[PDB]
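Asks: Sharing input-v5.tsv (TSV, C-alpha atoms) below.
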chain	number	residue	atom	x	y	z
A	24	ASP	CA	-18.55	-10.72	-15.10
A	25	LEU	CA	-15.11	-10.38	-13.51
A	26	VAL	CA	-14.89	-8.97	-9.97
A	27	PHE	CA	-11.95	-6.73	-8.96
A	28	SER	CA	-11.32	-6.06	-5.27
A	29	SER	CA	-9.19	-3.14	-4.09
A	30	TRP	CA	-8.85	-0.59	-1.31
A	31	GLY	CA	-11.93	1.49	-2.04
A	32	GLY	CA	-12.42	5.19	-2.39
A	33	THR	CA	-10.28	7.39	-4.56
A	34	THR	CA	-7.68	4.75	-5.33
A	35	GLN	CA	-10.15	2.11	-6.48
A	36	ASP	CA	-12.14	4.69	-8.45
A	37	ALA	CA	-8.90	5.60	-10.25
A	38	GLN	CA	-8.05	1.91	-10.93
A	39	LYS	CA	-11.62	1.52	-12.31
A	40	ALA	CA	-11.13	4.49	-14.68
A	41	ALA	CA	-7.66	3.32	-15.79
A	42	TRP	CA	-8.40	-0.42	-16.28
A	43	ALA	CA	-12.07	-1.38	-16.46
A	44	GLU	CA	-13.08	-0.09	-19.89
A	45	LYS	CA	-9.77	-1.13	-21.45
A	46	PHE	CA	-10.51	-4.72	-20.26
A	47	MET	CA	-14.16	-4.56	-21.47
A	48	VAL	CA	-13.12	-3.34	-24.93
A	49	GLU	CA	-10.32	-5.95	-25.30
A	50	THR	CA	-12.30	-9.04	-24.02
A	51	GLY	CA	-16.02	-8.15	-23.94
A	52	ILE	CA	-15.96	-8.98	-20.18
A	53	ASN	CA	-17.61	-6.49	-17.76
A	54	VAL	CA	-15.60	-5.59	-14.61
A	55	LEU	CA	-17.42	-5.21	-11.31
A	56	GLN	CA	-15.91	-3.51	-8.24
A	57	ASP	CA	-15.78	-4.99	-4.79
A	58	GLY	CA	-13.85	-4.74	-1.53
A	59	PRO	CA	-12.26	-3.33	0.43
A	60	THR	CA	-9.45	-5.86	0.28
A	61	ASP	CA	-9.60	-7.91	3.45
A	62	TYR	CA	-7.35	-10.90	3.95
A	63	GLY	CA	-9.77	-12.61	6.35
A	64	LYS	CA	-12.58	-12.36	3.76
A	65	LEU	CA	-10.19	-13.61	1.01
A	66	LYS	CA	-9.26	-16.65	3.09
A	67	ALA	CA	-12.93	-17.26	4.02
A	68	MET	CA	-14.08	-17.30	0.37
A	69	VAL	CA	-11.26	-19.60	-0.65
A	70	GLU	CA	-12.08	-22.00	2.23
A	71	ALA	CA	-15.82	-21.96	1.38
A	72	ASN	CA	-15.03	-22.65	-2.31
A	73	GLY	CA	-17.05	-19.48	-2.84
A	74	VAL	CA	-14.54	-17.14	-4.45
A	75	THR	CA	-16.27	-13.98	-5.55
A	76	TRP	CA	-13.17	-11.76	-6.01
A	77	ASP	CA	-11.35	-12.75	-9.23
A	78	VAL	CA	-8.48	-10.26	-9.05
A	79	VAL	CA	-7.47	-8.65	-5.77
A	80	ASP	CA	-5.12	-5.76	-5.17
A	81	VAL	CA	-3.16	-6.72	-2.03
A	82	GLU	CA	-0.07	-5.60	-0.13
A	83	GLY	CA	3.13	-7.11	-1.55
A	84	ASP	CA	4.22	-8.76	1.69
A	85	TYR	CA	0.88	-10.57	1.90
A	86	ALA	CA	1.16	-11.59	-1.83
A	87	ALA	CA	4.65	-13.05	-1.33
A	88	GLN	CA	3.51	-15.47	1.34
A	89	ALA	CA	-0.12	-16.27	0.43
A	90	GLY	CA	0.71	-18.70	-2.43
A	91	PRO	CA	2.38	-21.45	-0.33
A	92	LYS	CA	-0.58	-21.19	2.11
A	93	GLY	CA	-2.90	-22.35	-0.70
A	94	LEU	CA	-4.74	-19.01	-0.97
A	95	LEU	CA	-3.83	-18.11	-4.55
A	96	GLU	CA	-3.81	-19.43	-8.07
A	97	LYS	CA	-0.39	-19.62	-9.67
A	98	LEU	CA	-0.34	-16.90	-12.30
A	99	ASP	CA	-0.34	-17.89	-16.00
A	100	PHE	CA	2.90	-16.38	-17.33
A	101	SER	CA	2.09	-17.59	-20.87
A	102	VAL	CA	-0.64	-14.87	-20.72
A	103	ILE	CA	0.98	-12.31	-18.33
A	104	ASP	CA	4.21	-11.13	-19.96
A	105	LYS	CA	6.70	-10.51	-17.17
A	106	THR	CA	9.22	-8.91	-19.58
A	107	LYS	CA	8.11	-5.35	-18.88
A	108	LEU	CA	7.02	-5.80	-15.25
A	109	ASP	CA	8.88	-4.44	-12.24
A	110	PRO	CA	11.01	-7.48	-11.35
A	111	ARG	CA	10.99	-6.74	-7.62
A	112	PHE	CA	7.32	-7.70	-7.33
A	113	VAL	CA	6.93	-10.77	-9.58
A	114	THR	CA	6.39	-14.15	-7.88
A	115	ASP	CA	4.73	-17.40	-9.06
A	116	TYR	CA	1.47	-16.03	-7.53
A	117	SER	CA	1.67	-12.26	-8.03
A	118	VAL	CA	2.84	-9.25	-9.99
A	119	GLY	CA	3.06	-5.62	-8.95
A	120	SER	CA	-0.03	-3.38	-9.06
A	121	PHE	CA	1.58	-0.04	-8.14
A	122	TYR	CA	4.50	1.40	-6.17
A	123	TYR	CA	3.81	3.77	-3.29
A	124	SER	CA	5.18	5.48	-0.22
A	125	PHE	CA	4.12	6.15	3.32
A	126	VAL	CA	4.61	9.93	3.72
A	127	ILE	CA	3.92	12.48	6.39
A	128	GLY	CA	0.64	14.10	5.37
A	129	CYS	CA	-0.48	17.27	7.05
A	130	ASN	CA	-3.54	19.52	7.26
A	131	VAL	CA	-1.22	22.54	7.23
A	132	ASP	CA	-3.75	25.26	8.10
A	133	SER	CA	-5.03	23.39	11.20
A	134	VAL	CA	-1.70	23.11	13.03
A	135	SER	CA	1.05	25.45	14.21
A	136	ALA	CA	3.64	23.43	12.25
A	137	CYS	CA	3.66	20.33	10.04
A	138	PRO	CA	6.07	17.58	11.12
A	139	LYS	CA	8.72	17.18	8.41
A	140	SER	CA	10.56	14.11	9.74
A	141	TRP	CA	9.59	10.85	11.44
A	142	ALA	CA	11.36	12.27	14.51
A	143	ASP	CA	9.02	15.31	14.37
A	144	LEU	CA	5.96	13.07	14.01
A	145	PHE	CA	7.05	11.26	17.19
A	146	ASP	CA	7.59	14.55	19.13
A	147	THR	CA	4.33	15.40	20.92
A	148	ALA	CA	5.91	18.31	22.86
A	149	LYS	CA	6.95	20.17	19.73
A	150	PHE	CA	4.10	18.94	17.49
A	151	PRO	CA	1.17	18.50	19.86
A	152	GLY	CA	-2.04	16.58	19.40
A	153	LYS	CA	-3.32	13.52	17.65
A	154	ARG	CA	-1.39	11.78	14.89
A	155	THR	CA	-2.54	8.95	12.66
A	156	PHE	CA	-0.95	5.65	11.64
A	157	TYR	CA	-2.12	2.53	9.82
A	158	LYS	CA	-3.99	0.14	12.05
A	159	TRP	CA	-3.12	-3.18	10.47
A	160	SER	CA	0.06	-5.22	10.69
A	161	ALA	CA	2.05	-4.27	7.59
A	162	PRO	CA	5.35	-2.66	6.63
A	163	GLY	CA	5.58	1.01	7.56
A	164	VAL	CA	4.76	2.00	11.15
A	165	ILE	CA	7.46	-0.12	12.82
A	166	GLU	CA	10.05	1.21	10.34
A	167	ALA	CA	8.89	4.81	10.90
A	168	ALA	CA	9.20	4.35	14.71
A	169	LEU	CA	12.73	2.96	14.28
A	170	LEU	CA	13.73	5.82	11.95
A	171	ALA	CA	12.26	8.33	14.42
A	172	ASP	CA	14.40	6.58	17.10
A	173	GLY	CA	17.60	7.16	15.10
A	174	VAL	CA	17.99	3.83	13.19
A	175	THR	CA	19.54	4.56	9.79
A	176	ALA	CA	17.71	3.49	6.66
A	177	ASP	CA	20.21	0.79	5.73
A	178	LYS	CA	20.14	-0.81	9.21
A	179	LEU	CA	16.39	-1.40	9.69
A	180	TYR	CA	16.42	-5.15	9.01
A	181	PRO	CA	16.08	-7.45	10.87
A	182	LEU	CA	13.54	-5.36	12.71
A	183	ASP	CA	14.12	-4.53	16.38
A	184	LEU	CA	10.47	-4.92	17.40
A	185	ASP	CA	11.07	-4.20	21.11
A	186	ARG	CA	12.78	-0.95	20.23
A	187	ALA	CA	9.99	0.02	17.79
A	188	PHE	CA	7.27	-0.72	20.36
A	189	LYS	CA	9.11	1.26	23.07
A	190	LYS	CA	9.28	4.23	20.67
A	191	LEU	CA	5.56	3.85	19.76
A	192	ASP	CA	4.71	3.69	23.52
A	193	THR	CA	6.01	7.28	23.89
A	194	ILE	CA	3.10	8.55	21.72
A	195	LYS	CA	0.57	5.68	21.96
A	196	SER	CA	-2.18	7.70	23.69
A	197	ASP	CA	-1.94	10.32	20.92
A	198	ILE	CA	-2.49	7.88	18.04
A	199	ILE	CA	-5.78	7.64	16.16
A	200	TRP	CA	-5.50	4.60	13.85
A	201	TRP	CA	-6.63	4.55	10.21
A	202	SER	CA	-8.20	1.29	9.03
A	203	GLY	CA	-8.26	2.21	5.38
A	204	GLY	CA	-7.57	4.91	2.87
A	205	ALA	CA	-10.76	6.93	3.18
A	206	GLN	CA	-10.45	6.99	6.98
A	207	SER	CA	-6.88	8.33	6.67
A	208	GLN	CA	-8.22	11.05	4.39
A	209	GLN	CA	-11.06	11.90	6.83
A	210	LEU	CA	-8.69	12.08	9.80
A	211	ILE	CA	-6.26	14.44	8.03
A	212	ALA	CA	-8.92	16.60	6.30
A	213	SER	CA	-11.05	17.00	9.47
A	214	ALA	CA	-7.95	17.78	11.60
A	215	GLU	CA	-9.16	15.05	14.00
A	216	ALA	CA	-5.55	13.76	13.45
A	217	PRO	CA	-4.09	16.53	11.35
A	218	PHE	CA	-0.86	14.74	10.51
A	219	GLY	CA	0.33	11.19	10.21
A	220	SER	CA	1.89	8.47	8.12
A	221	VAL	CA	-0.38	7.90	5.13
A	222	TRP	CA	-0.44	6.39	1.64
A	223	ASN	CA	0.91	9.10	-0.67
A	224	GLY	CA	-1.81	8.81	-3.29
A	225	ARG	CA	-4.50	9.47	-0.66
A	226	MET	CA	-2.97	12.95	-0.20
A	227	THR	CA	-2.86	13.45	-4.01
A	228	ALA	CA	-6.61	12.58	-4.07
A	229	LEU	CA	-7.44	15.02	-1.28
A	230	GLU	CA	-5.60	17.78	-3.20
A	231	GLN	CA	-7.43	16.75	-6.43
A	232	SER	CA	-10.74	17.24	-4.49
A	233	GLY	CA	-9.63	20.73	-3.50
A	234	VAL	CA	-8.40	19.96	0.03
A	235	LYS	CA	-5.24	21.84	1.14
A	236	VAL	CA	-2.72	19.27	2.36
A	237	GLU	CA	1.06	19.23	2.60
A	238	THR	CA	3.22	16.12	2.18
A	239	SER	CA	6.73	15.64	3.56
A	240	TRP	CA	8.69	13.01	1.59
A	241	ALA	CA	11.58	13.03	4.11
A	242	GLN	CA	12.59	9.36	4.65
A	243	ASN	CA	9.37	8.35	2.80
A	244	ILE	CA	8.92	4.58	3.12
A	245	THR	CA	8.30	2.70	-0.12
A	246	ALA	CA	6.37	-0.50	-0.72
A	247	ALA	CA	4.22	-1.96	-3.49
A	248	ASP	CA	0.85	-3.55	-3.94
A	249	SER	CA	0.33	-6.67	-6.04
A	250	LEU	CA	-2.40	-8.26	-8.14
A	251	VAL	CA	-3.38	-11.81	-7.17
A	252	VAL	CA	-6.05	-14.34	-8.07
A	253	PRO	CA	-7.74	-16.16	-5.18
A	254	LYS	CA	-7.61	-19.98	-5.37
A	255	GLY	CA	-10.94	-21.22	-6.71
A	256	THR	CA	-11.98	-18.22	-8.84
A	257	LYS	CA	-14.60	-19.30	-11.40
A	258	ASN	CA	-13.11	-16.75	-13.86
A	259	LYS	CA	-9.42	-17.94	-13.88
A	260	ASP	CA	-8.62	-17.27	-17.55
A	261	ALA	CA	-10.38	-13.88	-17.44
A	262	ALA	CA	-8.45	-13.00	-14.21
A	263	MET	CA	-5.11	-13.68	-15.93
A	264	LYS	CA	-6.16	-11.51	-18.90
A	265	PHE	CA	-7.19	-8.74	-16.51
A	266	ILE	CA	-3.80	-8.82	-14.75
A	267	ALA	CA	-2.02	-8.76	-18.16
A	268	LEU	CA	-4.10	-5.70	-19.09
A	269	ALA	CA	-3.81	-3.86	-15.73
A	270	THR	CA	-0.01	-4.25	-15.74
A	271	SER	CA	0.47	-3.21	-19.39
A	272	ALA	CA	2.24	0.09	-20.15
A	273	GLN	CA	-0.60	2.42	-21.00
A	274	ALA	CA	-2.91	0.98	-18.28
A	275	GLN	CA	-0.11	1.50	-15.70
A	276	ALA	CA	0.66	5.03	-16.92
A	277	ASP	CA	-3.07	5.87	-16.67
A	278	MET	CA	-3.32	4.43	-13.14
A	279	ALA	CA	-0.26	6.48	-12.13
A	280	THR	CA	-1.51	9.71	-13.69
A	281	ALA	CA	-4.89	9.24	-11.92
A	282	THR	CA	-3.49	8.38	-8.47
A	283	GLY	CA	-0.03	9.78	-7.81
A	284	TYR	CA	1.34	6.21	-7.38
A	285	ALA	CA	4.27	5.00	-9.49
A	286	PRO	CA	3.78	2.47	-12.29
A	287	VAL	CA	5.20	-1.07	-12.18
A	288	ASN	CA	5.62	-1.44	-15.95
A	289	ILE	CA	9.05	-0.22	-17.10
A	290	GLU	CA	7.65	1.30	-20.30
A	291	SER	CA	4.99	3.45	-18.55
A	292	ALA	CA	7.03	6.53	-17.41
A	293	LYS	CA	7.68	7.64	-20.98
A	294	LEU	CA	3.89	7.84	-21.66
A	295	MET	CA	3.27	10.22	-18.83
A	296	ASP	CA	3.30	13.98	-18.53
A	297	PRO	CA	6.87	14.74	-17.26
A	298	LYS	CA	5.41	17.24	-14.71
A	299	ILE	CA	3.33	14.37	-13.16
A	300	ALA	CA	6.08	11.68	-13.49
A	301	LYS	CA	8.61	13.84	-11.52
A	302	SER	CA	6.41	13.77	-8.37
A	303	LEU	CA	5.80	9.98	-8.21
A	304	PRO	CA	7.25	7.91	-5.34
A	305	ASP	CA	9.96	6.31	-7.49
A	306	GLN	CA	11.37	9.86	-8.10
A	307	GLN	CA	11.15	11.04	-4.43
A	308	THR	CA	14.61	9.63	-3.78
A	309	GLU	CA	16.53	12.48	-2.04
A	310	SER	CA	15.75	10.90	1.33
A	311	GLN	CA	13.87	7.63	0.93
A	312	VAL	CA	13.66	4.29	2.80
A	313	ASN	CA	12.65	1.06	1.07
A	314	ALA	CA	10.52	-1.29	3.14
A	315	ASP	CA	11.46	-4.93	2.70
A	316	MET	CA	8.31	-6.81	1.82
A	317	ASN	CA	10.15	-10.09	1.41
A	318	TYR	CA	11.44	-9.82	4.98
A	319	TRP	CA	7.88	-9.15	6.14
A	320	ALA	CA	6.51	-12.05	4.02
A	321	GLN	CA	9.02	-14.45	5.72
A	322	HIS	CA	7.96	-13.30	9.23
A	323	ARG	CA	4.40	-12.19	8.51
A	324	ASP	CA	2.46	-14.16	11.08
A	325	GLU	CA	4.93	-13.53	13.88
A	326	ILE	CA	5.17	-9.80	13.36
A	327	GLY	CA	1.37	-9.67	13.15
A	328	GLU	CA	0.95	-11.51	16.49
A	329	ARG	CA	3.41	-9.10	18.16
A	330	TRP	CA	1.82	-6.02	16.57
A	331	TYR	CA	-1.74	-6.84	17.72
A	332	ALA	CA	-0.54	-7.93	21.18
A	333	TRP	CA	1.35	-4.65	21.55
A	334	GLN	CA	-1.71	-2.63	20.45
A	335	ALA	CA	-3.73	-4.35	23.24
A	336	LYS	CA	-0.99	-3.91	25.91
Just give me the structure as structure tokens.
Replies:
Amino acid sequence: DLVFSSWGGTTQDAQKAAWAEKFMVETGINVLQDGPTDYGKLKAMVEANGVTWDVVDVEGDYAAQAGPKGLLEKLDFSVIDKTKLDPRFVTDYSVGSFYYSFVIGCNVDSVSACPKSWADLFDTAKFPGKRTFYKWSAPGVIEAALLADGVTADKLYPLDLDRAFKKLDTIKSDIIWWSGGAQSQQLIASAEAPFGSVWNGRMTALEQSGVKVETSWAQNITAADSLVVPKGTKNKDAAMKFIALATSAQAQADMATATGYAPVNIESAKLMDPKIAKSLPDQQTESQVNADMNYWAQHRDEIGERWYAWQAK
């Protein structure tokens, strides 16, 4: 059997529906689900020569630097056809999985007003109470703090970390961190932290489950996940076939329809319901910021050290 690791909950259930049977039908190989994706567990299984995750959905900045570290198999591009894949996310070790945004999600009926901008989300006087942000070092929170502090979209990089941390310090005691997707959904839906910066598709899933949530796409911050194969998988050929399948046009359109994330196959949009395609992150362009995952990949360890040290300060 092939094991696919992803971010759990609604997103991984949707990837399972969109990809698993298609793979089983095409190859006769059964797909098993595991996770949540955890870079420490990925590195540990590679180092133990005990790889149990054959294909992993990871953040693109992690994917772009994990290959040279010896964590990943080089992808087989004689099997994976890069001709229809989003070229921004193809490396020797990875291809794109889906394109997403950090947005300002809000449990509208639990608050006096939903924050519309990053500046609003950073204004505890006007928008009181707890707010939620991603716990782990990754593109998004630092950029949102800089945007809330008046940095224009085109001037974010190189990141001014001191400025971002000073801006985060103004609201630090009012942050409840989300470690993963389901926790972000719990925090918003319960009104424990009724607004925050969240993965857009997690708000689509809450709405799909009947929960009333509002999303502001103002200065939404884009990024992408990738599919990678940990170094030492015992199912290498099957992993490459799974990535070729998961990134094919229909499979990507089905993932997008099921999640609210944008596809990373250039022939997928045309297969989708136009009413659904219009709402995807790659169409929410009126006021949008693009996170630079290559910049993060080049400085990943250093930003991470600073991020965790600041959290503990």
Asks: Compare A:118, A:263, A:191, A:41 by their minimum atom-to-atom distance to residue 82 (chain A), counting only C-alpha atoms, and give me the closest one.
Replies: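 Checking each candidate against residue 82 (chain A), we get A:118 as the closest.
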Asks: For region 132-147 of chain A, list every protein, DNA or RNA residue within 6 Å, evaluated using all atoms listed in the file, and leave out those in the same chain fewer than 2 positions away; present the list as JSON, numbers by chain.
Replies: {"A": [129, 130, 149, 150, 151, 171, 239, 241]}
Asks: At what distance in Å, to one decimal, does CA of residue 193 (chain A) lie from CA of residue 158 (chain A)?
Replies: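 CA of residue 193 (chain A) lies at a distance of 17.1 Å from CA of residue 158 (chain A).
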Asks: For residue 128 (chain A), which of A:219, A:163, A:58, A:83 is the closest residue, counting only C-alpha atoms?
Replies: A:219
Asks: Would you mind listing what lies within 8 Å of region 326-328 of chain A as a PDB file with C-alpha atoms, keeping the file's coordinate frame, with all atoms listed in the file counted and same-chain residues fewer than 4 positions away left out?
Replies:
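Written file, around21.pdb:
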ATOM      1  CA  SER A 160       0.060  -5.220  10.690  1.00  0.00           C
ATOM      2  CA  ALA A 161       2.050  -4.270   7.590  1.00  0.00           C
ATOM      3  CA  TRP A 319       7.880  -9.150   6.140  1.00  0.00           C
ATOM      4  CA  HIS A 322       7.960 -13.300   9.230  1.00  0.00           C
ATOM      5  CA  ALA A 332      -0.540  -7.930  21.180  1.00  0.00           C
TER       6      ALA A 332
END
Asks: So, with all atoms listed in the file as the atoms that count, which of A:104, A:166, A:305, A:84 lies closest to residue 320 (chain A)?
Replies: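 Distance minimum relative to residue 320 (chain A) lands on A:84.
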Asks: Using all atoms listed in the file and a cutoff of 9 Å, can you tell me which residues are near (-7.2, 2.3, 3.2) in the file's coordinates, and write them out as a PyMOL selection string?
Replies: chain A and resi 30-32+34+59-60+157+201-208+222+225
Asks: Now that the selection is made, can you save its residues with C-alpha atoms as a tab-separated table (two decimals), in the coordinates of the input?
Replies:
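What ended up in out06.tsv:
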chain	number	residue	atom	x	y	z
A	30	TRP	CA	-8.85	-0.59	-1.31
A	31	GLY	CA	-11.93	1.49	-2.04
A	32	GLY	CA	-12.42	5.19	-2.39
A	34	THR	CA	-7.68	4.75	-5.33
A	59	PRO	CA	-12.26	-3.33	0.43
A	60	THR	CA	-9.45	-5.86	0.28
A	157	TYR	CA	-2.12	2.53	9.82
A	201	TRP	CA	-6.63	4.55	10.21
A	202	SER	CA	-8.20	1.29	9.03
A	203	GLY	CA	-8.26	2.21	5.38
A	204	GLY	CA	-7.57	4.91	2.87
A	205	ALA	CA	-10.76	6.93	3.18
A	206	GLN	CA	-10.45	6.99	6.98
A	207	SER	CA	-6.88	8.33	6.67
A	208	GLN	CA	-8.22	11.05	4.39
A	222	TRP	CA	-0.44	6.39	1.64
A	225	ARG	CA	-4.50	9.47	-0.66
Asks: For a quick check of understanding, using all atoms listed in the file, which of A:78, A:312, A:278, A:335 has the smallest distance to residue 174 (chain A)?
Replies: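 Checking each of A:78, A:312, A:278, A:335 against residue 174 (chain A), counting all atoms listed in the file, the winner is A:312.
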Asks: Find the distance between CA of residue 292 (chain A) and CA of residue 102 (chain A) and write it in Å to one decimal.
Replies: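 Spanning CA of residue 292 (chain A) to CA of residue 102 (chain A) is a straight-line distance of 23.0 Å.
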Asks: Hey, can you check how far CA of residue 303 (chain A) sits from CA of residue 285 (chain A)?
Replies: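 Answer for the CA of residue 303 (chain A) to CA of residue 285 (chain A) separation: 5.4 Å.
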Asks: For residue 311 (chain A), which residue among A:244, A:212, A:108, A:86 is the nearest when counting only C-alpha atoms?
Replies: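 Checking each candidate against residue 311 (chain A), we get A:244 as the closest.
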Asks: Could you check the closest approach to residue 94 (chain A) for each of A:267, A:252, A:127, A:43 and tell me which residue wins, using all atoms listed in the file?
Replies: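 Checking each candidate against residue 94 (chain A), we get A:252 as the closest.
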Asks: Can region 121-138 of chain A be brought up to N, CA and C atoms and written out as an mmCIF file, in the frame of the given file?
Replies:
data_model
loop_
_atom_site.group_PDB
_atom_site.id
_atom_site.type_symbol
_atom_site.label_atom_id
_atom_site.label_comp_id
_atom_site.auth_asym_id
_atom_site.auth_seq_id
_atom_site.Cartn_x
_atom_site.Cartn_y
_atom_site.Cartn_z
ATOM 1 N N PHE A 121 1.086 -1.401 -8.156
ATOM 2 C CA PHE A 121 1.580 -0.040 -8.140
ATOM 3 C C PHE A 121 2.602 0.094 -7.027
ATOM 4 N N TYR A 122 3.431 1.143 -7.117
ATOM 5 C CA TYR A 122 4.500 1.400 -6.170
ATOM 6 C C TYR A 122 4.136 2.652 -5.412
ATOM 7 N N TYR A 123 4.285 2.640 -4.082
ATOM 8 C CA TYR A 123 3.810 3.770 -3.290
ATOM 9 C C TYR A 123 4.744 4.060 -2.144
ATOM 10 N N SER A 124 4.449 5.151 -1.418
ATOM 11 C CA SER A 124 5.180 5.480 -0.220
ATOM 12 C C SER A 124 4.241 5.808 0.920
ATOM 13 N N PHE A 125 4.689 5.533 2.138
ATOM 14 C CA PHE A 125 4.120 6.150 3.320
ATOM 15 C C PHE A 125 4.861 7.487 3.468
ATOM 16 N N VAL A 126 4.108 8.561 3.583
ATOM 17 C CA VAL A 126 4.610 9.930 3.720
ATOM 18 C C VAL A 126 3.967 10.580 4.906
ATOM 19 N N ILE A 127 4.501 11.754 5.277
ATOM 20 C CA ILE A 127 3.920 12.480 6.390
ATOM 21 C C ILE A 127 2.969 13.514 5.822
ATOM 22 N N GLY A 128 1.679 13.181 5.843
ATOM 23 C CA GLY A 128 0.640 14.100 5.370
ATOM 24 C C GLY A 128 0.244 15.051 6.467
ATOM 25 N N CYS A 129 -0.175 16.278 6.062
ATOM 26 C CA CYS A 129 -0.480 17.270 7.050
ATOM 27 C C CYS A 129 -1.554 18.243 6.593
ATOM 28 N N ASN A 130 -2.517 18.492 7.478
ATOM 29 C CA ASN A 130 -3.540 19.520 7.260
ATOM 30 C C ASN A 130 -2.867 20.819 7.786
ATOM 31 N N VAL A 131 -2.106 21.436 6.896
ATOM 32 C CA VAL A 131 -1.220 22.540 7.230
ATOM 33 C C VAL A 131 -1.873 23.728 7.958
ATOM 34 N N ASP A 132 -3.070 24.102 7.524
ATOM 35 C CA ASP A 132 -3.750 25.260 8.100
ATOM 36 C C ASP A 132 -4.394 25.009 9.445
ATOM 37 N N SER A 133 -4.415 23.742 9.922
ATOM 38 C CA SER A 133 -5.030 23.390 11.200
ATOM 39 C C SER A 133 -4.032 23.235 12.339
ATOM 40 N N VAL A 134 -2.727 23.311 12.023
ATOM 41 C CA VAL A 134 -1.700 23.110 13.030
ATOM 42 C C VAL A 134 -0.709 24.271 13.024
ATOM 43 N N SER A 135 0.020 24.425 14.129
ATOM 44 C CA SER A 135 1.050 25.450 14.210
ATOM 45 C C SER A 135 2.178 25.120 13.232
ATOM 46 N N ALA A 136 2.554 23.828 13.143
ATOM 47 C CA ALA A 136 3.640 23.430 12.250
ATOM 48 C C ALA A 136 3.437 21.988 11.797
ATOM 49 N N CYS A 137 3.717 21.722 10.517
ATOM 50 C CA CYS A 137 3.660 20.330 10.040
ATOM 51 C C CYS A 137 4.946 19.612 10.402
ATOM 52 N N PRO A 138 4.857 18.388 10.928
ATOM 53 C CA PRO A 138 6.070 17.580 11.120
ATOM 54 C C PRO A 138 6.684 17.284 9.749
#
